[PDB]
Each structure stands twice: as structure tokens, then as C-alpha cells.
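S.K.: What follows is a structure written as C-alpha cells; I'll ask about it next.
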Amino acid sequence: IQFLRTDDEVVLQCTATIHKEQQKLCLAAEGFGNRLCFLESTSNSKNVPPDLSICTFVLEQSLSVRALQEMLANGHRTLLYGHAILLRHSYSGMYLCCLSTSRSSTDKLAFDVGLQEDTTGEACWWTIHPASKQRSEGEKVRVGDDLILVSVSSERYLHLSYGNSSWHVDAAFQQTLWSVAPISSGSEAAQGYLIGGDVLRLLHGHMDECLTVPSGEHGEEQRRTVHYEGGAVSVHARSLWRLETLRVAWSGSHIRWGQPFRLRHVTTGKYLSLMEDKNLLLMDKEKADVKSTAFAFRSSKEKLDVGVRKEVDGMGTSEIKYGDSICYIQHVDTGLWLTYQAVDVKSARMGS
Amino acid sequence: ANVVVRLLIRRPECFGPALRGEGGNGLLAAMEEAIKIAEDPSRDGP
Amino acid sequence: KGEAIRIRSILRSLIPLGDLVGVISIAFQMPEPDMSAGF
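Residue numbers (our numbering), protein chains in the order written: chain A, 950 to 1301; chain B, 25 to 70; chain C, 524 to 562.
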């Protein structure tokens, strides 16, 4: 029932039936190093999490085709069918567009989609059209509605061109239902409160001990180790942890206490998993099971609440602040709690 | 012209199968196959 | 006009140029009369 406004991060999802199996795929793009776009399996997240950081897109502007043409000649607005929307990548900062190059020689009539830096020209904007008979032009868009994206210059639909091994999105003349899932509606997110889908660092109140991993001085086998450090490591890049929410809708909502989420190390790309045979380690997305990677934040040390909440459709309530907040990490399976130790021998303790 | 082009590009099967689609290469091979069929009377109506 | 440019680009992507010249170059036979129901 919520109407898509402007300056809100969304996700372009769609359905794909291959091998008599249905799957949910969102439109993602690396941006830095690769301009062309690809797909990310948003479904099947219990075993492998998707890359929402590159899957989300934000609506920069929302103008009609005629106002857009007048712009070519020369707050938070709502989204209506028939407008010429503008999609900007969240992380890469570039803008989704329709490239004039053809990579797949099979569809000799389609184009390739990708990201571009400049917003000039009518080769970057996209128009939304109704996909079902129950809706028509001129109506307000709501959450969960299936729409059709059409290029302005290319005049080609955002088609999900099926291939043997190339699941690539093209700008073809075959309509494809692109469902839109919100992430962050741009509500009154007060500066300092915790927002989901964000990367942060964890310090101590009286010890400023940051949760880090060994640097590139040794190999990945050493870098998989997790420990505490201090000093200049607080401003380094190997001390950043991203909180990925399980649900793909409203993933950038306000983090509430006790909900599961994955910890990702953006420096190496591995997820913080816990194998009870040892301490916690870093395992990649291919084997990052939700029962071993999903952690939660509590306000106390007790285990009073486990099976309480499952999902809340909304932006959420501002609960956790960045300034003054004492959270406690807790696992969904074992329910252990963090503790600092003195495993370091007295041989070279003061220096290391 | 604009509206007919729109309709013809939205419905790709209006063109020949040997010219448009993931099958036949293009108009060249299409017309060469057509000439071959015209020369070989085994592909007509007796 | 830009719409004309887009339509021309669509037509060019539909029908290539080498295709056109290859189909033009067939050198039809010129005949004893023959049939005009062929190429």
C-alpha cells in the first residue's frame, strides 16, 4: 500500500523458471571494473547470501517523458505509471543505462544494459509501464507490483534473455515482469541510529579493542583468524563488518534487538561463521549457512527472547544508536557470548 | 510508419524464420535456400 | 529529428548491409523463353 517515493533504495527482482525450477533473481552490477549488469539469486539464501550492496538501486529523479524531453532541449516526488524514472547504483554511484553495444550475438536485435557515469542524453532514463490488466496508466505504484521497464532511446524492454550458460539481462523487445522490493524508504533516519545493510566497526568503551583479522602480511589461512587489536587498526580497512539482513525486502531497515543477520568482512569478502569444533572463522558465501552465520544483538546477557519475531514490513523503529550503545552478540544455534581472553603468551605480549 | 515499426518489433515472429530468430542466419541464407527450393521440385505441390 | 534516427538504427540492426549487397548480387539468368515465376 506504500507508494514508491523518490530517493529510496529499491531492488529490481524477477522470476525465472529453469529446469522446471523457479528462482528469484535481482538485477545487480559490479560497476567498478565491469560496466555490464548481471543477476543475483536473491532466493536460496539459507546456504548462499546474495550481494544486496550491488543489487539495490536508488531512484534519483522521477519526471514524465515530456518534462524529460524539455530537459534535453534545455523534495520526494511520487512515482506514477508512465513516468521516466532514473536509477542510480547505490555503491558504484553510476547510473543504470542501456549500452549501445551488443555482446550476445543470439539476440541480434537487443542491446546490453550497464552503468554509466554521466546522466546526460536520453540513453540512461527508463519508463515504467503496467504489466497486468488489473492496472492501467496514471495510477500510483505500490509495493510488490510487477512493472515493465522500457528504455527511452533504445525503446527496448528490460528483458531477461535466457541462455544456456549466459543468464544476462538485455534490452530486448520481450517484456519481463520486474518486481520492485524496497530497501530504505528514506524516512526520518536520525543521524547516529543503526540502519540495516550497513558496514560498521566495533570498539570497546574502556579498551578500544576492535574486532579485526590479521593483515596481508600472511596468507588467507592466517587472515581467516579472528581476534582483537588496537591502535591505528581502528582506521584501517581490515576492520569493517557489514550487517546483512536475511529478508530481501526492507533490508536497509532499522536493526532491532534479537533479529538474525550475517556478518561480512568487506575487506576479504568472507562471512563470519561459527563451527563449534573451534572458534569462529571466515567462510565464503558458497558454504555460509544461515544456521552458522546468522547472529543477533541483545541488550543483556540473558536468553529471554529467541522465537519472538519473524518479520516486520516497514522502515522500523530507531532503537540502536552509534554513539552510546552496548550490544551483546549472540548466535542463533549455540547462543554463546563474546569474551576477550589472554591467549597471548608473555614472550612478546607487550609488542604484539 | 512509426506505429507499424513498433508493432513489428514488438512481435518478432512477423519476419521470416530464416531471417529473424535464433535459427536461420539471415536474409542471404534465407534467399539462397529459397532459390534452392525453387530449383529442386521435390519441395512443391504435385 | 531523433525518433527518425532511432527508427533508422532499428532498421539497420534488423537488416545488415553486407546481407543486402549479397542478396543484390545474384546475377539472375537471362534466356527460347523461360518462366517469370522464379527469381
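Positions of the beta carbon are idealized from the N, C-alpha and C atoms, including for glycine.
For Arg1213(A), list the residues DSSP reports as bridge partners.
M.R.: Here residue 1213(A) corresponds to residue number 264 of the first sequence, with the count starting at 1. Answer is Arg1191(A) and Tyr1220(A), bridged to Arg1213(A).
S.K.: Can you tell me which of the three DSSP states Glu958(A) falls into?
M.R.: Locating residue 958(A) in the first sequence gives position 9, where the first residue counts as 1. If DSSP states are grouped into helix, strand and coil, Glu958(A) belongs with the strands.
S.K.: Using a Cβ-Cβ cutoff of less than 8 angstroms, which residues in the same chain neighbour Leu1231(A) once the five nearest sequence positions on both sides are dropped?
M.R.: As a working mapping, residue 1231(A) is identified with position 282 in the first sequence. Counting only Cβ-Cβ distances below 8 angstroms, and skipping sequence neighbours, we find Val1162, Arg1172, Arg1173, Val1175, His1214, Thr1217, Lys1219, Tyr1220, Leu1221 and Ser1222.
S.K.: Contact defined as beta carbons within less than 8 angstroms: I believe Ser1110(A) pairs with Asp1147(A). What is the distance between those atoms, to the nearest angstrom?
M.R.: Numbered from 1 along the first sequence, position 161 holds the residue referred to as residue 1110(A). Numbered from 1 along the first sequence, position 198 holds the residue referred to as residue 1147(A). That pair is no contact at about 34 angstroms.
S.K.: Looking at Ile1269(A) and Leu1143(A), is the spacing between their C-beta atoms short of 7 angstroms?
M.R.: Residue numbering aside, residue 1143(A) sits at position 194 when the first sequence is read from its first letter. Residue numbering aside, residue 1269(A) sits at position 320 when the first sequence is read from its first letter. Closer than 7 angstroms, so yes.
S.K.: Tell me whether the region 1032 to 1049 of chain A and the region 1000 to 1014 of chain A touch, counting them as touching only if at least three CB pairs, one residue from each stretch, are closer than 8 angstroms.
M.R.: Touching, yes, given that three or more Cβ pairs across the two stretches are closer than 8 angstroms.
S.K.: In three-state DSSP terms, what is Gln1065(A)?
M.R.: Counted from its first residue, the first sequence places residue 1065(A) at position 116. Strand, per DSSP.
S.K.: Any C-beta of chain B sitting closer than 7 angstroms to the C-beta of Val546(C)?
M.R.: Position 23 of the third sequence, counted from the first residue, corresponds to residue 546(C). It does; some Cβ of chain B falls within 7 angstroms.
S.K.: Rounded to a whole number of angstroms, what is the C-alpha to C-alpha distance between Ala1080(A) and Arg529(C)?
M.R.: Stepping through the first sequence from its first residue, residue 1080(A) is reached at position 131. Stepping through the third sequence from its first residue, residue 529(C) is reached at position 6. If you take the alpha carbons of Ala1080(A) and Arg529(C), they lie about 25 angstroms apart.
S.K.: Who pairs with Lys1089(A) in a beta bridge, going by DSSP?
M.R.: For the purposes of this step, residue 1089(A) is identified with residue 140 of the first sequence, where counting begins at 1. Answer by DSSP bridge pairing, in chain order: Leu1029(A).
S.K.: Buried or exposed: where does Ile1275(A) fall if 16 or more other Cβ atoms within 10 Å of its Cβ makes it buried?
M.R.: Taking the first residue of the first sequence as position 1, residue 1275(A) is located at position 326. Looking at its Cβ environment, which holds fewer than 16 other Cβ atoms inside 10 Å, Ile1275(A) is exposed.
S.K.: Would the beta-carbon of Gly1265(A) fall within 7 angstroms of that of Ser1164(A)?
M.R.: Numbered from its first residue, the first sequence carries residue 1265(A) at position 316. Numbered from its first residue, the first sequence carries residue 1164(A) at position 215. Not in contact: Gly1265(A) and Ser1164(A) (Cβ atoms no closer than 7 angstroms).
S.K.: Could you tell me whether the Cβ of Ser559(C) comes closer than 7 angstroms to any Cβ of chain A?
M.R.: Within the third sequence, residue 559(C) is the residue found at index 36, counting from 1. So no, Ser559(C) is outside the interface.
S.K.: At what residues does the beta strand (DSSP E) containing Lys973(A) begin and finish?
M.R.: Start at 1 with the first residue of the first sequence, and residue 973(A) comes out as number 24. It spans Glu970 to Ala978 - the beta strand (DSSP E) in which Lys973(A) sits, taken as one unbroken run.
S.K.: Compute the distance between the beta-carbons of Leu1045(A) and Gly980(A), then report whether it is under 7 angstroms.
M.R.: Within the first sequence, residue 1045(A) is the residue found at index 96, counting from 1. Within the first sequence, residue 980(A) is the residue found at index 31, counting from 1. No, the pair does not count as a contact, with Cβ atoms beyond the cut-off.
S.K.: Under the assumption that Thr1076(A) contacts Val1099(A) (Cβ atoms under 8 angstroms), give the Cβ distance between them as a whole number of angstroms.
M.R.: In the first sequence, counting from the first residue as 1, residue 1076(A) sits at position 127. In the first sequence, counting from the first residue as 1, residue 1099(A) sits at position 150. Their Cβ separation, rounded to whole angstroms, is 5 angstroms, which keeps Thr1076(A) and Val1099(A) in contact under 8 angstroms.
S.K.: Check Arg1172(A) in the structure and name its three-state DSSP category.
M.R.: Residue mapping note: residue 1172(A) aligns to position 223 of the first sequence, counting from 1. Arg1172(A): helix per DSSP, three-state reduction.
S.K.: Would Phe562(C) pass as an interface residue toward chain B - the criterion being a Cβ-Cβ separation below 7 angstroms?
M.R.: Counting from 1 along the third sequence, the entry for residue 562(C) is found at position 39. With 7 angstroms as the cut-off, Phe562(C) counts as an interface residue toward chain B.
S.K.: What distance in whole Å lies between the Cβ atoms of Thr1027(A) and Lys1089(A), which are believed to be in contact at a cut-off of 8 angstroms?
M.R.: Taking the first sequence and counting its residues from 1, one reaches residue 1089(A) at position 140. Taking the first sequence and counting its residues from 1, one reaches residue 1027(A) at position 78. Contact flag correct, Cβ pair sits at about 6 angstroms.
S.K.: For the beta strand (DSSP E) that contains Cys1046(A), what are its first and last residues?
M.R.: The residue you call residue 1046(A) lines up with position 97 of the first sequence. Counting along the chain, the beta strand (DSSP E) containing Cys1046(A) begins and ends at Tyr1044 to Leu1048.
S.K.: I think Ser1136(A) touches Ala1120(A), with their Cβ atoms under 8 angstroms apart; what is that distance to the nearest whole Å?
M.R.: As a first step, residue 1136(A) must be located in the first sequence, where it is residue number 187. As a first step, residue 1120(A) must be located in the first sequence, where it is residue number 171. That pair is no contact at about 33 angstroms.
S.K.: List the residues of chain A that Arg529(C) touches, going by C-beta distances under 7 angstroms, in chain order.
M.R.: Mapped onto the third sequence, residue 529(C) falls at position 6. The answer, in chain order, is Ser1102 and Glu1104.
S.K.: Along the chain, which unbroken stretches of the alpha helix (DSSP H) at least 4 residues long are found entirely within the region 1104 to 1176 of chain A?
M.R.: Segments of the alpha helix (DSSP H) lying fully in the region 1104 to 1176 of chain A: 1169 to 1172.
S.K.: For residue 1310(A), which residues in the same chain have their Cβ closer than 8 angstroms to its Cβ, ignoring the five residues on either side in sequence?
M.R.: Beyond the ends of chain A as shown, which are 950 and 1301, falls residue 1310(A); an answer cannot be given.
S.K.: Which residues share a DSSP beta bridge with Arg1015(A)?
M.R.: Sequence index remark: in the first sequence, residue 1015(A) carries index 66 (1-based). Answer by DSSP bridge pairing: none, since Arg1015(A) is not bridged.
S.K.: Counting only the same chain and skipping the five closest in sequence on each side, list residues whose C-beta sits under 7 angstroms from that of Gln1208(A).
M.R.: Residue 1208(A) sits at position 259 when you count from the first residue of the first sequence. Excluding positions up to five away in sequence, the list reads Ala1245 and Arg1258.
S.K.: Report the rounded CA-to-CA distance for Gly982(A) versus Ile538(C), giving the unit in angstroms.
M.R.: In the first sequence, residue 982(A) corresponds to position 33, counting from 1. In the third sequence, residue 538(C) corresponds to position 15, counting from 1. C-alpha separation (whole angstroms): 33 angstroms.
S.K.: Under 9 angstroms Cβ-Cβ, which residues of chain B neighbour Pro556(C)?
M.R.: If you number the third sequence from 1, residue 556(C) lands on position 33. By Cβ distance, chain B contributes nothing, its closest Cβ being about 18 angstroms from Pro556(C), past 9 angstroms.
S.K.: According to DSSP, simplified to helix, strand and coil, what is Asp1095(A)?
M.R.: Translated into the one-based positions of the first sequence, residue 1095(A) becomes position 146. Residue state, collapsed to three classes: strand.
S.K.: Does the separation of the CB atoms of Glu958(A) and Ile1132(A) fall below 7 angstroms?
M.R.: Looking up residue 958(A) in the first sequence gives position 9. Looking up residue 1132(A) in the first sequence gives position 183. Taking 7 angstroms as the Cβ cut-off, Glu958(A) and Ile1132(A) qualify as a contacting pair.
S.K.: Taking all protein chains shown into account, decide if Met553(C) is buried (16 or more other Cβ within 10 angstroms of its Cβ) or exposed.
M.R.: For the purposes of this step, residue 553(C) is taken as residue 30 along the third sequence, with counting starting at 1. Label assigned to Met553(C): exposed.
S.K.: If you draw a straight line from the alpha carbon of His1153(A) to that of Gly1145(A), how long is it in whole angstroms?
M.R.: Here residue 1153(A) corresponds to residue number 204 of the first sequence, with the count starting at 1. Here residue 1145(A) corresponds to residue number 196 of the first sequence, with the count starting at 1. Roughly 21 angstroms between the two C-alpha positions.
S.K.: Does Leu1109(A) get closer than 7 angstroms to chain C when you measure Cβ to Cβ?
M.R.: The sequence position of residue 1109(A) within the first sequence is 160, counting from 1. No, its Cβ sits nowhere closer than 7 angstroms to a Cβ of chain C.
S.K.: Cβ closer than 7 angstroms: which chain B residues qualify as neighbours of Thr1055(A)?
M.R.: By 1-based counting over the first sequence, the position of residue 1055(A) is 106. Simply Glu46.
S.K.: For the candidate residues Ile1204(A), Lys1295(A), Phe987(A) and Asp1094(A), whose alpha-carbon lies nearest to that of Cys975(A)?
M.R.: Stepping through the first sequence from its first residue, residue 975(A) is reached at position 26. The residue with the shortest Cα to Cα distance from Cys975(A) is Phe987(A).
S.K.: Thinking just about the alpha-carbon of each residue, which of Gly1168(A), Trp1206(A), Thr1288(A) and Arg1150(A) is nearest to the one in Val1182(A)?
M.R.: As a first step, residue 1182(A) is located in the first sequence; it is residue number 233 there, counting from the start. Of the listed residues, the one whose Cα sits closest to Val1182(A) is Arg1150(A).
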